[PDB]
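**Q** sequence first, structure after; it's an experimental one.
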Amino acid sequence: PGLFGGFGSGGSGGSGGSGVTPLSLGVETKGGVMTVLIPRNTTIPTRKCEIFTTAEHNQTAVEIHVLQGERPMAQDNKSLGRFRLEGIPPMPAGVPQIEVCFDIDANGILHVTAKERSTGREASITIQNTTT
């Protein structure tokens with residue numbers, strides 16, 4: 001899926017450790033679908049960049065919901081967090097597409113970012129509770 005969902009649920013659970021991640025890391029896409037970007041059993045640094053194009057109504061900012069799991073529906077995966085990329089034109093009719101990158105460290109640290117193509121503005125979150 002090449003679009004955005006954005007369920008309000010952040011996480012508020014948290015954890016901590018290192019080694020390998022028990023669940024694969026991905027984003028939520030419209031219709032409640034979970035799109036995996038990073039495979040699990042993470043022991044080495046791993047980068048993924050994916051470009052998502054979508055037409056949203058009255059959009060002032062794009063909110064990326066980050067989860068871990070293997071389930072085809074994001075509803076059934078563990079929500080790690082979310083971040084909202086702001087500075088998007090208020091109602092961008094003709095919006096190009098927002099680039100989301102999942103960067104993984106050797107310690108298995110999940111660093112997610114999103115950058116709007118036309119505006120060039122970016123926002124990033126570092127989730128350090130992915131690994132065991």
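**A** Looks like it arrived, so ask away. Residues are numbered from 1 along each chain as shown.
**Q** for residue 100, name its beta-bridge partners.
**A** Counting by DSSP bridges, residue 100 is bridged to residue 50, residue 114.
**Q** what's the closest non-adjacent residue to residue 75?
**A** residue 32 (5.2 Å; C-beta to C-beta, 6 or more residues apart in numbering). Heads up, the C-betas are built off the backbone N, CA and C, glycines and all.
**Q** now residue 126
**A** Spatial nearest neighbour of residue 126, excluding adjacent residues (C-beta to C-beta, 6+ apart): residue 111 at 4.8 Å.
**Q** residue 19 and residue 131 touch, don't they?
**A** Yes - counting by C-beta atoms under 8 Å, residue 19 does reach residue 131; the two are 5.5 Å apart.
**Q** look at those two and report which has more neighbours.
**A** For residue 19 and residue 131, the more surrounded residue by other C-beta atoms under 10 Å is residue 131, and the numbers stand at 22 against 12.
**Q** tell me which element that one falls in.
**A** Taking DSSP states H and E as the definition, one finds residue 131 inside no helix or strand.
**Q** residue boundaries of the helices in this protein?
**A** In the chain, no helices are defined using DSSP state H.
**Q** rewinding a little: now do the shared contacts for residue 19 and residue 131.
**A** residue 108 (C-beta atoms under 8 Å, 6 or more residues apart in numbering).
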